[PDB]
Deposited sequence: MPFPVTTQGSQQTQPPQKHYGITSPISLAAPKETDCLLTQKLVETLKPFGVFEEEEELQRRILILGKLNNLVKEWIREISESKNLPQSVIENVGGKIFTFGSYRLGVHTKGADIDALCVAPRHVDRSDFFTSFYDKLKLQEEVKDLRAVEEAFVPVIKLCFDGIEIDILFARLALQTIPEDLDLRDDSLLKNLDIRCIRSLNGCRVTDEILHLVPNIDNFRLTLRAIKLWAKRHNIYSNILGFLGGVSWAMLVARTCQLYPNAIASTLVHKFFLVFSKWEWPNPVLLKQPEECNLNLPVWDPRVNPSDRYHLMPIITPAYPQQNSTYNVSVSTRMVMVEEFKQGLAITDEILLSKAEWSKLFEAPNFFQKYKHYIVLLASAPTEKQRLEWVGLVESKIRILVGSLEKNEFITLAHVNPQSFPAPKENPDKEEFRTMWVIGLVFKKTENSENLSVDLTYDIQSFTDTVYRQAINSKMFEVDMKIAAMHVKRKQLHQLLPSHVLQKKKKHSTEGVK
């Protein structure tokens, strides 16, 4: 079977679960969860165009390197996809994650120069922006209105066979880490798709879970919660444990299983083999550092890593409790005492805590507000870390959903967004100032700050929140 343990139940559904699974599908449609068929066709044709451009590009490089006409006639080249799109659970408006795989005679500097220019002169391309210096180098663009983030990797192969499988550990044999990191995404995705008993049932379930997580304010890797990959792996492990169940049951078992999971025991999709290479691998047995991890969900391809080391005490608490409520609602639905709609109802965040901290960030230009909000959000965990060390606080729940904030000037217009943070006690002015000072500081030190880029935080009581809001 699938997994590092035996399944929990091999039971198949009853017609009763089949019609219950159809009502789920129906409850999801209004939420944009399912992309339109005409649009999926649009995206398919778009990738074909891209795949060809990559082919065309590589051939030209194969010619400038004068390689024999035999090689030139067989070098190949290919565009691989990964993440939600490749998983089959991308929603309306979601971006596409792609990797460009080329043979050895095409360097990375070629990707950022020869290939970048080729995209630059295509009629369908817009917003062609590159980031050659990121953790995972990437060229971003908007192809016919579709956001596409493209990684790049150079393999030690002379030619790229159409049936190349990127899971073969040998492919990493002595390669630049940049290349290794760029391959990780596809491998992890391709692994997940090969570790679940029934993909179709996996897709529909993942669909339901991601909506639920987003609606319940716990969807964000950056802010210490879970991102697409993490949710996909949790859902996959659930499938491995109920190989013959369908979506209505899996969604339920998802909550049954994880609301009772004993953290920090790690969530693994397969047994980790040992490989000669010396790459970072999550392993509490050899690495003491990895023992402090709170809610580990490990990547299935070498080198395995914890996809959620941003999860703190607060976030872990929040999600554990959210799993319990989740289990409860599905329990009713399964007893026909509730509708699937009840699972996707968002409990008013602005009313579920007796205290809150509100983050205000703004810049002089819409262009800047967007850039500023970027930097700010990456630092919000710092404040939570502080709020946590405080002896009077139990947890800080940052709502990963920011938004435009009220006017602070009736005259000139304003580009100001805001955040609302949940609090739970067992004054806060000092911790908030350290944060504020630290944000203004790190931003300025890393040359990513402009005069008039403001950031203010303030404590507020529930009753007073509704004021500083719509």
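Q: Going from the first residue of the deposited sequence to the last, where are the unmodelled runs?
A: According to the deposited record, C-alpha coordinates are absent for 1-18, 445-454, 499-514, which together make up the missing parts.
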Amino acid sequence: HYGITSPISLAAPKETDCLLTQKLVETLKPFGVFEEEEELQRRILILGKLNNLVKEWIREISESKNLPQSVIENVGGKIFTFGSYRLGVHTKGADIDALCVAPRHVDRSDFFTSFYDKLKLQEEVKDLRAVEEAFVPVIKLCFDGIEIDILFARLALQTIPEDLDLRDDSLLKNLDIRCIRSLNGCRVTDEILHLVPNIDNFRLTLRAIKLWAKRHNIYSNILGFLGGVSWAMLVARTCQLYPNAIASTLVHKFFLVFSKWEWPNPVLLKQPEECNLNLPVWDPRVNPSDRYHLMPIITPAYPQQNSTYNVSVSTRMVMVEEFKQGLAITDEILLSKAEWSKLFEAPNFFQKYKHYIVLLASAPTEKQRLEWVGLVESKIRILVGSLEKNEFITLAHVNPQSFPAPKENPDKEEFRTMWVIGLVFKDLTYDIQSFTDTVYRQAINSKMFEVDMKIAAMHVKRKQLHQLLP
From here on, numbers count along this sequence of modelled residues.
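Q: What stretch has the higher average Cα B-factor here, 436-444 or 404-412?
A: It is 404-412.
Q: Comparing 145-153 with 201-209, which stretch shows the greater average C-alpha B-factor in the deposited entry?
A: Per the deposited B-factors, the answer is 145-153.
Q: Would you mind finding, among 73, 117, 95, 321, the residue with the largest C-alpha temperature factor in the entry?
A: That would be 73.
Q: Whose CA atom has the top B-factor in the entry, of 20, 10, 25, 458?
A: The listed residue with the largest C-alpha B-factor is 458.
Q: Relative to the other modelled residues of the same chain, rank the CA B-factor of residue 161 and answer lowest, middle or highest third.
A: Top third by C-alpha B-factor.
Q: Split into thirds by Cα B-factor across the chain's modelled residues, where does residue 426 land: lowest, middle or highest?
A: It falls in the top third of the chain.
Q: If you rank every modelled residue in this chain by C-alpha B factor, which third holds residue 47: lowest, middle or highest?
A: Lowest third of the chain for residue 47's C-alpha B-factor.
Q: Grab the CA temperature factor for residue 40 from the record and place it in the lowest, middle or highest third of its chain.
A: Its C-alpha B-factor belongs to the lowest third of this chain's values.
Q: Hey, what third does residue 225 fall into on Cα B-factor, ranked over its chain?
A: Lowest third, going by the recorded CA B-factors of the chain.
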